[PDB]
Each structure stands twice: as structure tokens, then as C-alpha cells.
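> Protein chains in written order, with full-length UniProt numbering: chain S, 253 to 302; chain X, 212 to 264. All residues carry an ideal CB built from backbone N, CA and C; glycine is no exception.
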Amino acid sequence: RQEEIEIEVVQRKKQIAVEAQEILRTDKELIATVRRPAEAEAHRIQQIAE
Amino acid sequence: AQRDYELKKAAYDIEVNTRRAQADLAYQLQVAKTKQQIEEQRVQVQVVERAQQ
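1) Against chain S, with Cβ distances strictly below 9 Å, would X/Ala243 count as a contact?
2) Which residues, in chain order, does the stretch 234–262 of chain X contribute to contact with chain S at a C-beta distance below 7 Å?
3) In the DSSP assignment, the alpha helix (DSSP H) including X/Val258 goes from what residue to what residue?
4) Going along chain X in order, which residues have a C-beta closer than 7 Å to the C-beta of residue 239 of chain S?
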């Protein structure tokens, strides 16, 4: 059982490296889904205001 | 004469049972050690997969 529970430990040890890529993925995803679309929506206003 | 034999039998049976118990459980211990190496690489695929995503 010491060796069996160690399987869970190495899984967590790797899951940490998975979530490290998840942050980076979520960051780029927010640039494409939030930051850039909002910047486009703001330009419409500056044009239709004229 | 029976007693003299009975005690050695029991004495040897301690060791035989002890060694048998070890041999019997020796398989699953290695199965755990081997899986320990395997799982590391099974989830390592997740890291590489996410990196390309």
C-alpha cells in the first residue's frame, strides 16, 4: 500500500504540469474571446458616434 | 518420540509459511512498482497534448 498510494502522488506531481499549461491556454483564450472582441466593439462606437 | 517430531515440524512450518507468504505477495508489489512508472507517462501525454493546444 505504500507503493499503491505513491501512484496517486506521481499522478498529482504530473497534474501540476498539466494545469501549468492550462493557465497559459486560458490566457490566450481570453485574448481571443474577451480582450480582442471588446476592442472591436469599442471601435464601432467611436465610428457610429461620428 | 511423537513430541520430539511434532515440535520440529511446527518450527519448520513457521519458516515455510513465512517464506510462502512472502513469495505469494511478491507479485503485486512489483505490479505496483511497474504501474508507478507507467502512470507517470500516461499523464505525461496530457502535458504534451495541452502544450500543442
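Considering the structure as presented:
1) yes
2) So the close ones are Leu240, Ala243, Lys244, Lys246, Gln247, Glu250, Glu251, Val254, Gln255, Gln257, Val258, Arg261 and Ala262.
3) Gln213 to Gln263
4) A question about residue 239 of chain S goes unanswered here, because the residues of chain S that appear run from 253 up to 302.
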